[PDB]
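J.: Keeping their order, the protein sequence lines are chains V and A.
Counting from 71, one number per residue, gives the positions in the first sequence under this note's numbering.
Counting from -13, one number per residue, gives the positions in the second sequence under this note's numbering.
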Amino acid sequence: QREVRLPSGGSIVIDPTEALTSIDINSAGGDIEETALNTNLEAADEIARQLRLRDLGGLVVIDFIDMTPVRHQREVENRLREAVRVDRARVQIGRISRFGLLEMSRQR
Amino acid sequence: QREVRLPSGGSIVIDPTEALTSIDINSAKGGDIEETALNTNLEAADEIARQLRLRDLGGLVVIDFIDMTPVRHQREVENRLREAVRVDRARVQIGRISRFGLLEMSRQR
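Encoded structure:
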């Protein structure tokens, strides 16, 4: 319930706090950047599903595995935005910061 | 030790997690809330810098400052935190308050 395993072996850890929900992403060898991208894309889909099941509201901070190509960062952000558009709750998604964190909000 | 009181009665709540430490800022009746919000956030900035060193916190820290509309107020709080940590022996990176009202920073423990 706190740790959700991803299809390729990695996992997401959902930690509630007073101000917000923090989500950590862990990877499971091939190429790092390609496994990081793959794990982060699997994480985006699972995060969207968990936001709905647990019906989380307020601010969410996601620590995706660091990727160097900016295009990879946009691909993960876009994956998360597409994954949540079916959610009935209004969702706002920021951009990955220089600290490798993504901020988002969900009303309800 | 999870909750630290601020001079004007407000408080900061520190919650360590897998990926980062989150810090929530709580205010303490008829006065302009903006000046109240700024004062609390400025006291919180000083207390956060103190707790970072005292607990020797490492990694990413996300701070939820009370929301302020004036961009000048946001920079004052950001500048207060940068000045409050410049004496810290540890290497510190400080971001800016986002459109979500959160500030990200990092401290090399």
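Even for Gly, the Cβ is constructed at its ideal location relative to N, Cα and C.
In terms of alpha-carbon separation, which member of A:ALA35, A:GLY(-4), A:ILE0 and A:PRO(-7) lies closest to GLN(-13) (chain A)?
T.: Counted from its first residue, the second sequence places residue -13 (chain A) at position 1. Taking only the C-alpha atoms, the option nearest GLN(-13) (chain A) is A:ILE0.
J.: If we count the other Cβ atoms within 10 Å of its Cβ and call it buried at 16 or more, is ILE34 (chain A) buried or exposed?
T.: Here residue 34 (chain A) refers to the residue found at position 48 of the second sequence. Label assigned to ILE34 (chain A): buried.
J.: Helix, strand or coil for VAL131 (chain V), going by three-state DSSP, please let me know.
T.: The residue labelled residue 131 (chain V) in the question sits at position 61 within the first sequence. Of the three classes helix, strand and coil, the one that applies to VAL131 (chain V) here is strand, per DSSP.
J.: Starting from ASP115 (chain V), trace the alpha helix (DSSP H) in both directions and tell me its first and last residue.
T.: The residue labelled residue 115 (chain V) in the question sits at position 45 within the first sequence. Run containing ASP115 (chain V): 102 to 123, per the alpha helix (DSSP H) assignment.
J.: Which residues in the same chain as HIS59 (chain A) place their Cβ atom closer than 6 Å to its Cβ, once the five residues preceding and following it in sequence are excluded?
T.: Residue 59 (chain A) sits at position 73 when you count from the first residue of the second sequence. Taken in chain order, the residues that qualify are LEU24.
J.: Under DSSP, the alpha helix (DSSP H) around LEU67 (chain A) begins and ends at which residues?
T.: Here residue 67 (chain A) is taken as the residue at index 81 of the second sequence, counted from 1. Here the alpha helix (DSSP H) through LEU67 (chain A) covers 57 to 71.
J.: So, does the region 164 to 172 of chain V touch the region 12 to 26 of chain A, judging by three or more C-beta pairs under 8 Å?
T.: As far as the Cβ criterion goes, the region 164 to 172 of chain V does not touch the region 12 to 26 of chain A, which means the pair count is below three.
J.: Is there a Cβ from chain V that is less than 8 Å from the Cβ of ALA23 (chain A)?
T.: To locate residue 23 (chain A), count along the second sequence from 1; it is residue 37. No, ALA23 (chain A) does not count as interfacial toward chain V.
J.: In the DSSP output, which residue or residues are listed as bridge partners for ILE82 (chain V)?
T.: Here residue 82 (chain V) is taken as the residue at index 12 of the first sequence, counted from 1. Partner(s): V:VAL74 and V:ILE95.
J.: Between which two residues does the beta strand (DSSP E) harbouring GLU90 (chain A) extend?
T.: In the second sequence, residue 90 (chain A) corresponds to position 104, counting from 1. Taken as a continuous stretch (DSSP letters only), the beta strand (DSSP E) holding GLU90 (chain A) covers 88 to 93.
J.: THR138 (chain V) touches chain A at which residues, Cβ-Cβ below 7 Å?
T.: Taking the first residue of the first sequence as 1, we reach residue 138 (chain V) at position 68. Under the 7 Å cutoff, chain A gives no residues; its nearest Cβ is about 18 Å from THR138 (chain V).
J.: Measuring only between beta-carbons, confirm whether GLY81 (chain A) sits less than 8 Å from chain V.
T.: What you label residue 81 (chain A) is simply residue 95 of the second sequence in a count that begins at 1. Chain V, which has a Cβ nearer than 8 Å to the Cβ of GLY81 (chain A), makes this yes.
J.: Give every residue of the same chain whose Cβ lies closer than 8 Å to the Cβ of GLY127 (chain V), excluding the five residues on either side of it in the sequence, and list them in chain order.
T.: Translated into the one-based positions of the first sequence, residue 127 (chain V) becomes position 57. Cβ within range, chain order: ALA159, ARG176, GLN177 and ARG178.
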